[PDB]
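The next block is input.cif, given as mmCIF, C-alpha atoms.
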data_final
#
loop_
_atom_site.group_PDB
_atom_site.id
_atom_site.type_symbol
_atom_site.label_atom_id
_atom_site.label_comp_id
_atom_site.auth_asym_id
_atom_site.auth_seq_id
_atom_site.Cartn_x
_atom_site.Cartn_y
_atom_site.Cartn_z
ATOM 1 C CA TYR A 15 -21.002 -31.657 -38.008
ATOM 2 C CA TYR A 16 -21.334 -27.961 -38.856
ATOM 3 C CA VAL A 17 -17.560 -27.481 -39.280
ATOM 4 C CA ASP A 18 -17.409 -26.272 -42.892
ATOM 5 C CA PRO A 19 -13.892 -25.319 -44.081
ATOM 6 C CA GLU A 20 -15.477 -23.638 -47.118
ATOM 7 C CA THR A 21 -17.441 -21.248 -44.862
ATOM 8 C CA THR A 22 -15.096 -18.396 -43.905
ATOM 9 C CA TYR A 23 -16.253 -15.257 -42.087
ATOM 10 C CA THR A 24 -14.313 -12.043 -42.685
ATOM 11 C CA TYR A 25 -13.596 -9.287 -40.183
ATOM 12 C CA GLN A 26 -16.321 -6.671 -39.841
ATOM 13 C CA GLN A 27 -15.292 -3.389 -41.467
ATOM 14 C CA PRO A 28 -14.593 -1.002 -39.956
ATOM 15 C CA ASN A 29 -13.219 -2.756 -36.868
ATOM 16 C CA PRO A 30 -14.709 -1.202 -33.694
ATOM 17 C CA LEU A 31 -11.501 -2.066 -31.817
ATOM 18 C CA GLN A 32 -9.488 0.441 -33.862
ATOM 19 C CA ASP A 33 -9.814 4.208 -33.494
ATOM 20 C CA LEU A 34 -12.849 4.759 -35.723
ATOM 21 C CA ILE A 35 -12.486 8.547 -35.470
ATOM 22 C CA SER A 36 -9.055 8.485 -37.142
ATOM 23 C CA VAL A 37 -9.910 5.817 -39.741
ATOM 24 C CA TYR A 38 -11.104 8.434 -42.251
ATOM 25 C CA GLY A 39 -9.165 11.386 -40.813
ATOM 26 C CA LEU A 40 -12.216 12.670 -38.936
ATOM 27 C CA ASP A 41 -10.436 14.229 -35.940
ATOM 28 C CA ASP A 42 -10.555 17.915 -36.933
ATOM 29 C CA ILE A 43 -14.212 18.587 -36.107
ATOM 30 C CA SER A 44 -14.056 16.336 -33.039
ATOM 31 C CA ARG A 45 -11.121 18.370 -31.717
ATOM 32 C CA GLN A 46 -12.943 21.594 -32.622
ATOM 33 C CA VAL A 47 -15.963 20.808 -30.420
ATOM 34 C CA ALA A 48 -14.220 18.528 -27.931
ATOM 35 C CA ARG A 49 -15.431 18.531 -24.331
ATOM 36 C CA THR A 50 -12.003 19.541 -22.997
ATOM 37 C CA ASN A 51 -8.696 20.607 -24.498
ATOM 38 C CA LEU A 52 -5.494 18.564 -24.386
ATOM 39 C CA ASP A 53 -4.768 19.925 -20.892
ATOM 40 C CA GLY A 54 -8.281 19.100 -19.653
ATOM 41 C CA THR A 55 -9.384 22.709 -19.138
ATOM 42 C CA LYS A 56 -12.716 23.950 -20.455
ATOM 43 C CA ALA A 57 -12.313 25.622 -23.844
ATOM 44 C CA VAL A 58 -15.584 27.530 -24.360
ATOM 45 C CA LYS A 59 -18.752 27.991 -22.336
ATOM 46 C CA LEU A 60 -21.450 25.551 -23.442
ATOM 47 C CA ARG A 61 -25.182 26.157 -23.933
ATOM 48 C CA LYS A 62 -28.150 24.741 -25.860
ATOM 49 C CA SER A 63 -29.612 26.746 -28.751
ATOM 50 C CA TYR A 64 -28.632 28.869 -31.765
ATOM 51 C CA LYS A 65 -29.258 32.292 -30.175
ATOM 52 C CA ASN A 66 -25.616 33.240 -29.595
ATOM 53 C CA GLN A 67 -24.854 32.659 -33.294
ATOM 54 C CA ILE A 68 -26.893 35.798 -34.115
ATOM 55 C CA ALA A 69 -25.627 38.058 -31.313
ATOM 56 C CA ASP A 70 -23.062 39.672 -33.626
ATOM 57 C CA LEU A 71 -25.897 41.005 -35.793
ATOM 58 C CA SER A 72 -27.627 44.214 -34.752
ATOM 59 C CA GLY A 73 -30.789 43.776 -32.707
ATOM 60 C CA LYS A 74 -32.180 42.836 -29.282
ATOM 61 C CA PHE A 75 -33.102 39.136 -29.337
ATOM 62 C CA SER A 76 -34.367 39.068 -25.764
ATOM 63 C CA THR A 77 -36.974 36.359 -26.449
ATOM 64 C CA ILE A 78 -36.406 33.477 -28.868
ATOM 65 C CA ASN A 132 -49.161 35.649 -60.014
ATOM 66 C CA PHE A 133 -48.094 38.286 -57.479
ATOM 67 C CA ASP A 134 -47.739 41.965 -58.413
ATOM 68 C CA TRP A 135 -45.130 43.543 -56.143
ATOM 69 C CA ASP A 136 -45.558 46.969 -57.762
ATOM 70 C CA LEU A 137 -49.298 47.051 -57.034
ATOM 71 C CA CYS A 138 -48.749 46.086 -53.388
ATOM 72 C CA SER A 139 -46.011 48.710 -53.054
ATOM 73 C CA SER A 140 -48.336 51.353 -54.511
ATOM 74 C CA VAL A 141 -51.112 50.291 -52.123
ATOM 75 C CA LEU A 142 -48.737 50.549 -49.155
ATOM 76 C CA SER A 143 -47.551 53.957 -50.372
ATOM 77 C CA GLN A 144 -51.136 55.216 -50.649
ATOM 78 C CA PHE A 145 -51.958 53.868 -47.182
ATOM 79 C CA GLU A 146 -48.880 55.490 -45.625
ATOM 80 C CA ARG A 147 -49.424 58.831 -47.379
ATOM 81 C CA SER A 148 -52.983 59.008 -46.002
ATOM 82 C CA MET B 1 -6.696 14.834 -53.738
ATOM 83 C CA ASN B 2 -6.715 18.096 -55.689
ATOM 84 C CA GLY B 3 -10.288 17.568 -56.880
ATOM 85 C CA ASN B 4 -11.610 17.180 -53.338
ATOM 86 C CA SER B 5 -9.783 20.342 -52.246
ATOM 87 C CA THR B 6 -11.151 22.271 -55.238
ATOM 88 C CA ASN B 7 -14.696 21.070 -54.521
ATOM 89 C CA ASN B 8 -14.354 22.029 -50.850
ATOM 90 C CA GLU B 9 -13.052 25.485 -51.784
ATOM 91 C CA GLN B 10 -15.903 26.022 -54.255
ATOM 92 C CA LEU B 11 -18.479 24.903 -51.680
ATOM 93 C CA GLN B 12 -16.962 27.193 -49.037
ATOM 94 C CA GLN B 13 -16.975 30.147 -51.444
ATOM 95 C CA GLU B 14 -20.602 29.527 -52.429
ATOM 96 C CA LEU B 15 -21.650 29.207 -48.785
ATOM 97 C CA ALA B 16 -19.771 32.402 -47.894
ATOM 98 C CA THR B 17 -21.540 34.232 -50.726
ATOM 99 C CA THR B 18 -24.897 32.897 -49.508
ATOM 100 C CA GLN B 19 -24.058 33.959 -45.942
ATOM 101 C CA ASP B 20 -23.136 37.464 -47.107
ATOM 102 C CA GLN B 21 -26.316 37.782 -49.176
ATOM 103 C CA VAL B 22 -28.539 36.610 -46.311
ATOM 104 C CA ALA B 23 -26.759 38.969 -43.902
ATOM 105 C CA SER B 24 -27.387 41.833 -46.332
ATOM 106 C CA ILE B 25 -31.043 40.769 -46.542
ATOM 107 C CA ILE B 26 -31.296 40.778 -42.736
ATOM 108 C CA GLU B 27 -29.697 44.228 -42.541
ATOM 109 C CA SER B 28 -32.108 45.513 -45.196
ATOM 110 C CA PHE B 29 -35.041 44.070 -43.237
ATOM 111 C CA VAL B 30 -33.774 45.785 -40.075
ATOM 112 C CA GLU B 31 -33.526 49.089 -41.950
ATOM 113 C CA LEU B 32 -37.030 48.533 -43.348
ATOM 114 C CA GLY B 33 -38.413 47.974 -39.857
ATOM 115 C CA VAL B 34 -36.610 51.039 -38.508
ATOM 116 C CA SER B 35 -38.013 53.166 -41.338
ATOM 117 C CA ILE B 36 -41.515 51.775 -40.754
ATOM 118 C CA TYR B 37 -41.339 52.528 -37.024
ATOM 119 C CA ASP B 38 -40.012 56.068 -37.612
ATOM 120 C CA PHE B 39 -41.961 56.809 -40.800
ATOM 121 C CA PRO B 40 -42.604 60.575 -41.148
ATOM 122 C CA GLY B 41 -45.069 60.253 -44.044
ATOM 123 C CA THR B 42 -43.144 62.547 -46.386
ATOM 124 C CA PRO B 43 -43.184 61.684 -50.116
ATOM 125 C CA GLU B 44 -39.402 61.238 -50.068
ATOM 126 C CA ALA B 45 -39.733 58.784 -47.179
ATOM 127 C CA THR B 46 -42.478 56.973 -49.102
ATOM 128 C CA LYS B 47 -40.242 56.690 -52.175
ATOM 129 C CA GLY B 48 -37.413 55.392 -49.996
ATOM 130 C CA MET B 49 -39.774 52.835 -48.460
ATOM 131 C CA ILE B 50 -40.861 51.680 -51.926
ATOM 132 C CA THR B 51 -37.232 51.418 -53.058
ATOM 133 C CA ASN B 52 -36.301 49.434 -49.939
ATOM 134 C CA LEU B 53 -39.230 47.056 -50.475
ATOM 135 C CA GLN B 54 -38.226 46.543 -54.115
ATOM 136 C CA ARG B 55 -34.604 45.922 -53.112
ATOM 137 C CA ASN B 56 -35.670 43.384 -50.479
ATOM 138 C CA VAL B 57 -37.905 41.585 -52.986
ATOM 139 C CA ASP B 58 -35.110 41.502 -55.574
ATOM 140 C CA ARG B 59 -32.616 40.195 -53.006
ATOM 141 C CA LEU B 60 -35.019 37.457 -51.891
ATOM 142 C CA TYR B 61 -35.691 36.456 -55.505
ATOM 143 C CA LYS B 62 -31.964 36.340 -56.286
ATOM 144 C CA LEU B 63 -31.279 34.249 -53.178
ATOM 145 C CA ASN B 64 -34.075 31.829 -54.088
ATOM 146 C CA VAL B 65 -32.839 31.539 -57.683
ATOM 147 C CA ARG B 66 -29.175 31.000 -56.789
ATOM 148 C CA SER B 67 -29.917 28.597 -53.922
ATOM 149 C CA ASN B 68 -32.101 26.507 -56.271
ATOM 150 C CA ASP B 69 -29.388 26.004 -58.905
ATOM 151 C CA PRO B 70 -29.034 22.250 -59.597
ATOM 152 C CA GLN B 71 -25.359 22.716 -60.521
ATOM 153 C CA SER B 72 -24.618 24.605 -57.290
ATOM 154 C CA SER B 73 -22.527 22.822 -54.667
ATOM 155 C CA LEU B 74 -25.222 23.459 -52.034
ATOM 156 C CA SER B 75 -27.303 20.525 -53.302
ATOM 157 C CA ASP B 78 -28.720 16.927 -42.668
ATOM 158 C CA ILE B 79 -30.854 18.950 -40.248
ATOM 159 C CA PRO B 80 -32.827 16.665 -37.898
ATOM 160 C CA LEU B 81 -36.032 17.901 -36.308
ATOM 161 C CA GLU B 82 -34.504 17.261 -32.875
ATOM 162 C CA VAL B 83 -31.822 19.848 -33.680
ATOM 163 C CA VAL B 84 -34.544 22.363 -34.581
ATOM 164 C CA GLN B 85 -36.318 21.605 -31.300
ATOM 165 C CA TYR B 86 -33.092 22.005 -29.308
ATOM 166 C CA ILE B 87 -32.121 25.314 -30.956
ATOM 167 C CA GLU B 88 -35.357 26.964 -29.754
ATOM 168 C CA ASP B 89 -34.045 27.708 -26.231
ATOM 169 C CA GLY B 90 -32.066 30.962 -26.588
ATOM 170 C CA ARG B 91 -28.477 29.813 -25.980
ATOM 171 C CA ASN B 92 -25.176 28.862 -27.716
ATOM 172 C CA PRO B 93 -25.483 25.386 -29.240
ATOM 173 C CA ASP B 94 -22.978 23.245 -27.343
ATOM 174 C CA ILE B 95 -24.547 21.269 -24.473
ATOM 175 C CA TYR B 96 -26.627 19.069 -26.787
ATOM 176 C CA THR B 97 -23.513 18.068 -28.723
ATOM 177 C CA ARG B 98 -21.564 17.654 -25.472
ATOM 178 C CA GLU B 99 -24.064 15.307 -23.826
ATOM 179 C CA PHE B 100 -24.864 13.334 -26.966
ATOM 180 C CA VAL B 101 -21.164 12.852 -27.809
ATOM 181 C CA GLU B 102 -20.712 11.782 -24.175
ATOM 182 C CA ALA B 103 -23.409 9.151 -24.711
ATOM 183 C CA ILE B 104 -21.673 8.142 -27.955
ATOM 184 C CA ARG B 105 -18.366 7.711 -26.113
ATOM 185 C CA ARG B 106 -20.091 5.720 -23.364
ATOM 186 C CA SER B 107 -21.573 3.415 -26.012
ATOM 187 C CA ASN B 108 -18.168 3.034 -27.682
ATOM 188 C CA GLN B 109 -16.490 2.233 -24.353
ATOM 189 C CA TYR B 110 -19.217 -0.325 -23.637
ATOM 190 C CA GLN B 111 -18.629 -1.852 -27.081
ATOM 191 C CA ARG B 112 -14.867 -2.075 -26.532
ATOM 192 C CA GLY B 113 -15.235 -3.519 -23.034
ATOM 193 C CA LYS B 114 -17.745 -6.125 -24.172
ATOM 194 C CA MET B 115 -15.502 -7.026 -27.123
ATOM 195 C CA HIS B 116 -12.569 -7.564 -24.752
ATOM 196 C CA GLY B 117 -14.775 -9.579 -22.408
ATOM 197 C CA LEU B 118 -16.079 -11.784 -25.217
ATOM 198 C CA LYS B 119 -12.543 -12.274 -26.542
ATOM 199 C CA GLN B 120 -11.314 -13.478 -23.151
ATOM 200 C CA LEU B 121 -14.447 -15.630 -22.800
ATOM 201 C CA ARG B 122 -13.862 -17.522 -26.022
ATOM 202 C CA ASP B 123 -10.095 -17.720 -25.470
ATOM 203 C CA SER B 124 -10.610 -19.366 -22.072
ATOM 204 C CA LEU B 125 -13.351 -21.632 -23.429
ATOM 205 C CA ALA B 126 -11.151 -22.746 -26.335
ATOM 206 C CA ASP B 127 -8.243 -23.376 -23.961
ATOM 207 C CA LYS B 128 -10.313 -25.523 -21.605
ATOM 208 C CA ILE B 129 -12.050 -27.397 -24.437
ATOM 209 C CA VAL B 130 -8.587 -28.240 -25.765
ATOM 210 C CA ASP B 131 -7.462 -29.229 -22.255
ATOM 211 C CA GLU B 132 -10.218 -31.653 -21.235
ATOM 212 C CA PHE B 133 -11.115 -32.609 -24.848
ATOM 213 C CA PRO B 134 -7.895 -32.922 -26.884
ATOM 214 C CA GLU B 135 -9.684 -34.866 -29.641
ATOM 215 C CA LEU B 136 -11.755 -31.748 -30.421
ATOM 216 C CA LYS B 137 -8.702 -29.459 -30.320
ATOM 217 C CA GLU B 138 -8.287 -29.303 -34.105
ATOM 218 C CA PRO B 139 -11.787 -27.955 -34.966
ATOM 219 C CA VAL B 140 -11.637 -25.436 -32.104
ATOM 220 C CA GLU B 141 -8.656 -23.654 -33.649
ATOM 221 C CA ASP B 142 -10.509 -23.764 -36.965
ATOM 222 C CA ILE B 143 -13.422 -22.219 -35.062
ATOM 223 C CA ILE B 144 -11.057 -19.356 -34.243
ATOM 224 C CA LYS B 145 -10.146 -19.276 -37.933
ATOM 225 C CA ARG B 146 -13.887 -19.279 -38.616
ATOM 226 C CA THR B 147 -14.360 -16.350 -36.209
ATOM 227 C CA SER B 148 -11.096 -14.383 -36.351
ATOM 228 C CA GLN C 89 -31.554 13.244 -46.477
ATOM 229 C CA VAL C 90 -33.332 16.533 -47.233
ATOM 230 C CA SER C 91 -31.793 18.824 -49.838
ATOM 231 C CA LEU C 92 -31.021 22.343 -48.634
ATOM 232 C CA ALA C 93 -32.194 23.798 -51.958
ATOM 233 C CA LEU C 94 -35.657 22.275 -51.512
ATOM 234 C CA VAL C 95 -35.884 23.671 -47.973
ATOM 235 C CA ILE C 96 -34.849 27.135 -49.182
ATOM 236 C CA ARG C 97 -37.390 27.014 -52.015
ATOM 237 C CA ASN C 98 -40.155 25.922 -49.631
ATOM 238 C CA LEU C 99 -39.256 28.705 -47.190
ATOM 239 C CA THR C 100 -39.303 31.300 -49.979
ATOM 240 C CA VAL C 101 -42.658 30.001 -51.244
ATOM 241 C CA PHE C 102 -44.094 30.152 -47.719
ATOM 242 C CA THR C 103 -42.785 33.704 -47.277
ATOM 243 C CA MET C 104 -44.315 34.790 -50.593
ATOM 244 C CA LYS C 105 -47.651 33.175 -49.701
ATOM 245 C CA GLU C 106 -47.688 34.832 -46.270
ATOM 246 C CA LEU C 107 -46.862 38.227 -47.792
ATOM 247 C CA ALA C 108 -49.586 37.820 -50.423
ATOM 248 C CA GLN C 109 -52.125 36.836 -47.763
ATOM 249 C CA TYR C 110 -51.167 39.825 -45.605
ATOM 250 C CA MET C 111 -51.447 42.194 -48.574
ATOM 251 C CA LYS C 112 -54.858 40.770 -49.496
ATOM 252 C CA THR C 113 -56.101 41.081 -45.909
ATOM 253 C CA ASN C 114 -54.931 44.697 -45.792
ATOM 254 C CA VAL C 115 -56.727 45.217 -49.114
ATOM 255 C CA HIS C 116 -60.124 43.985 -47.937
ATOM 256 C CA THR C 117 -59.719 45.366 -44.402
ATOM 257 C CA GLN C 118 -62.065 48.257 -43.671
ATOM 258 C CA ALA C 119 -60.460 51.699 -43.756
ATOM 259 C CA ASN C 120 -61.878 52.472 -40.293
ATOM 260 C CA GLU C 121 -58.919 50.675 -38.707
ATOM 261 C CA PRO C 122 -56.081 53.082 -37.834
ATOM 262 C CA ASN C 123 -52.969 52.928 -39.993
ATOM 263 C CA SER C 124 -50.844 52.517 -36.852
ATOM 264 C CA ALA C 125 -52.244 49.033 -36.204
ATOM 265 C CA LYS C 126 -51.647 47.997 -39.821
ATOM 266 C CA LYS C 127 -48.081 49.328 -39.662
ATOM 267 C CA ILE C 128 -47.471 47.437 -36.407
ATOM 268 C CA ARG C 129 -48.831 44.218 -37.927
ATOM 269 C CA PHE C 130 -46.654 44.672 -41.023
ATOM 270 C CA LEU C 131 -43.608 45.282 -38.817
ATOM 271 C CA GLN C 132 -44.381 42.129 -36.820
ATOM 272 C CA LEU C 133 -44.738 40.092 -40.021
ATOM 273 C CA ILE C 134 -41.457 41.508 -41.345
ATOM 274 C CA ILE C 135 -39.773 40.635 -38.038
ATOM 275 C CA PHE C 136 -41.099 37.066 -38.213
ATOM 276 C CA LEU C 137 -39.905 36.675 -41.812
ATOM 277 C CA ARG C 138 -36.507 38.102 -40.839
ATOM 278 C CA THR C 139 -36.315 35.598 -37.975
ATOM 279 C CA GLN C 140 -37.102 32.739 -40.368
ATOM 280 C CA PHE C 141 -34.459 33.977 -42.815
ATOM 281 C CA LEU C 142 -31.989 34.252 -39.925
ATOM 282 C CA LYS C 143 -32.733 30.642 -38.994
ATOM 283 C CA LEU C 144 -31.958 29.803 -42.623
ATOM 284 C CA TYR C 145 -28.789 31.894 -42.234
ATOM 285 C CA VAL C 146 -27.754 29.833 -39.202
ATOM 286 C CA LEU C 147 -28.436 26.635 -41.153
ATOM 287 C CA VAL C 148 -26.296 27.959 -44.025
ATOM 288 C CA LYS C 149 -23.482 28.791 -41.594
ATOM 289 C CA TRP C 150 -23.726 25.303 -40.078
ATOM 290 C CA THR C 151 -23.504 23.733 -43.540
ATOM 291 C CA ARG C 152 -20.481 25.962 -44.189
ATOM 292 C CA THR C 153 -18.938 24.476 -41.048
ATOM 293 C CA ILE C 154 -20.102 21.083 -42.361
ATOM 294 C CA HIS C 160 -20.953 16.189 -41.854
ATOM 295 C CA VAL C 161 -17.746 14.617 -40.542
ATOM 296 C CA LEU C 162 -18.939 14.774 -36.940
ATOM 297 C CA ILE C 163 -22.456 14.028 -38.210
ATOM 298 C CA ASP C 164 -21.275 10.940 -40.112
ATOM 299 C CA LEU C 165 -19.316 9.593 -37.142
ATOM 300 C CA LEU C 166 -22.250 10.411 -34.869
ATOM 301 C CA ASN C 167 -24.785 8.569 -37.027
ATOM 302 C CA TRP C 168 -22.495 5.559 -37.500
ATOM 303 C CA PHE C 169 -21.933 5.236 -33.750
ATOM 304 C CA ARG C 170 -25.669 5.587 -33.108
ATOM 305 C CA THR C 171 -26.372 2.860 -35.668
ATOM 306 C CA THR C 172 -23.868 0.581 -33.944
ATOM 307 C CA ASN C 173 -25.452 1.355 -30.567
ATOM 308 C CA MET C 174 -29.016 0.461 -31.381
ATOM 309 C CA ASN C 175 -27.858 -2.467 -33.529
ATOM 310 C CA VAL C 176 -26.203 -3.837 -30.379
ATOM 311 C CA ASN C 177 -29.365 -3.087 -28.393
ATOM 312 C CA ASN C 178 -31.514 -4.848 -31.005
ATOM 313 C CA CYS C 179 -29.162 -7.841 -30.933
ATOM 314 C CA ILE C 180 -29.524 -8.010 -27.141
ATOM 315 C CA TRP C 181 -33.319 -7.790 -27.398
ATOM 316 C CA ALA C 182 -33.345 -10.474 -30.105
ATOM 317 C CA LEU C 183 -31.254 -12.733 -27.864
ATOM 318 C CA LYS C 184 -33.697 -12.201 -24.993
ATOM 319 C CA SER C 185 -36.676 -12.915 -27.266
ATOM 320 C CA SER C 186 -34.999 -16.046 -28.639
ATOM 321 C CA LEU C 187 -34.393 -17.391 -25.131
ATOM 322 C CA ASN C 188 -37.965 -16.560 -24.094
ATOM 323 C CA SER C 189 -39.334 -18.384 -27.147
ATOM 324 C CA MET C 190 -36.996 -21.385 -26.858
ATOM 325 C CA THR C 191 -37.544 -21.908 -23.115
ATOM 326 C CA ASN C 192 -40.784 -23.648 -24.123
ATOM 327 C CA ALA C 193 -38.822 -26.185 -26.185
ATOM 328 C CA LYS C 194 -36.465 -26.805 -23.235
#

Can you give me the file's structure in the form of structure tokens?
Amino acid sequence: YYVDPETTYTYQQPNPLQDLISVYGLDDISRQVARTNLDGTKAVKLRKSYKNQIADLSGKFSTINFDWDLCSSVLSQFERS
Amino acid sequence: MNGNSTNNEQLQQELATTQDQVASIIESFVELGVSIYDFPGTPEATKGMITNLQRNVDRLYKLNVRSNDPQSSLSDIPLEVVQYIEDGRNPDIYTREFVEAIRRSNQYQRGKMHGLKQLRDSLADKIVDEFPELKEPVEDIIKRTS
Amino acid sequence: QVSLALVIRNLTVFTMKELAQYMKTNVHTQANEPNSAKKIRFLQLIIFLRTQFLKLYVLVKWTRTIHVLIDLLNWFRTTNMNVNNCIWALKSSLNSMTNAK
């Protein structure tokens, strides 16, 4: 009854059965931040936030219309007092 | 292929320049804070403070101008990422766990696809077996699905 | 998608507004307050602005690393809740059609 030879359904693209990571050559970043290396050992220690991305900079991150000349002069007068 | 590589190189160079400028701004701010904390009040120190403030303002203005260029290659950060990065760490466990959930979802998808495939294969086989007269549409059904 | 240039411009505008407000407050603040407290407040404001600019620095570094993982991640998420929505729609359809049974 509903068998229509004119109604053809095409495969969904991209196919989830195939390796969707390698479809567009998207393996570099996945390998970069992979859970484990090819041998299964842990690559780097893992944590949560962005703090360790600023550790190289100097500092102690323990806890994580307009007249510029006039303001500079005011600050200079305040400091000289 | 060459155009994509050239665009990537230009974007990387622009981002490296922005990174260097912001690092210089941060270093200048650190020096400004150090001078403020250890300010002796001498006129030379006051002139140095004024010069440092002017340099910081000029650097910030230049960064704002360059980063706002429509032709620059700079032109997603979800709020959940901002919430997660507020915990004083090295940002890896969020990606680890969420990629693990992604892989679990993908494995579930593949397993359910295999299960459904075997389901409809067996159903087609038995419908052909006990109902040969409907065998011809069933294969077409596969052609309608596959 | 939010453009990085717009975010940078908004951050710079907010920094300028905060600096202008701080300068104005120091202007109309009575001179009886010691200069040490004003210097400490200015240092704290500078530290906060530096922290915001360092967050922008980290975002810039992330974009330099950048989208491939982000694109795959978003596509897989979309597939996941599309499957979940299909399951929920199936359950709702059966619940509705049980009456017609």

- Compute the set of chain A residues within 8 Å of chain C, using all atoms listed in the file, and express it as number ranges by chain. A: 35, 40, 43-44, 64, 67-68, 133, 138, 145-146

Residues returned when the PyMOL selection byres ((chain B) within 6 of (chain A)) runs on this file, as a ChimeraX atom specification: /B:41,86-96,146

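Going from atom CA of residue B:85 over to atom CA of residue B:104, you cover 20.2 Å.
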
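Atom pair atom CA of residue B:25 / atom CA of residue C:141 has a distance of 8.5 Å (rounded to one decimal).
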
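Atom CA of residue B:112 is found 22.9 Å from atom CA of residue A:42.
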
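For the file at hand, the PyMOL selection byres ((chain B) within 8 of (chain C)) resolves to residues 11, 12, 15, 16, 18, 19, 22, 23, 26, 29, 33, 36, 37, 60, 64, 67, 68, 69, 74, 75, 78, 79, 101, 104, 107 and 108 of chain B.
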
Q.
Can you translate the PyMOL selection byres ((chain B and resi 114-131) around 12) into the concrete residues it hits in this file, as an MDAnalysis selection string?
A. (chainID A and resid 29:32) or (chainID B and resid 107:113 132:144 147:148) or (chainID C and resid 176)

Let me see the file: selected residues, C-alpha atoms, as a short mmCIF file (atom, residue, chain, number, x, y, z; two decimals), in the coordinates of the input.
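Just written: result.cif:
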data_model
loop_
_atom_site.label_atom_id
_atom_site.label_comp_id
_atom_site.auth_asym_id
_atom_site.auth_seq_id
_atom_site.Cartn_x
_atom_site.Cartn_y
_atom_site.Cartn_z
CA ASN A 29 -13.22 -2.76 -36.87
CA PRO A 30 -14.71 -1.20 -33.69
CA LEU A 31 -11.50 -2.07 -31.82
CA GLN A 32 -9.49 0.44 -33.86
CA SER B 107 -21.57 3.42 -26.01
CA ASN B 108 -18.17 3.03 -27.68
CA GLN B 109 -16.49 2.23 -24.35
CA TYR B 110 -19.22 -0.32 -23.64
CA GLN B 111 -18.63 -1.85 -27.08
CA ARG B 112 -14.87 -2.08 -26.53
CA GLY B 113 -15.24 -3.52 -23.03
CA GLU B 132 -10.22 -31.65 -21.24
CA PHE B 133 -11.12 -32.61 -24.85
CA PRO B 134 -7.90 -32.92 -26.88
CA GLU B 135 -9.68 -34.87 -29.64
CA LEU B 136 -11.76 -31.75 -30.42
CA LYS B 137 -8.70 -29.46 -30.32
CA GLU B 138 -8.29 -29.30 -34.10
CA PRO B 139 -11.79 -27.96 -34.97
CA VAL B 140 -11.64 -25.44 -32.10
CA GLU B 141 -8.66 -23.65 -33.65
CA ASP B 142 -10.51 -23.76 -36.97
CA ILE B 143 -13.42 -22.22 -35.06
CA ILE B 144 -11.06 -19.36 -34.24
CA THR B 147 -14.36 -16.35 -36.21
CA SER B 148 -11.10 -14.38 -36.35
CA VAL C 176 -26.20 -3.84 -30.38
#
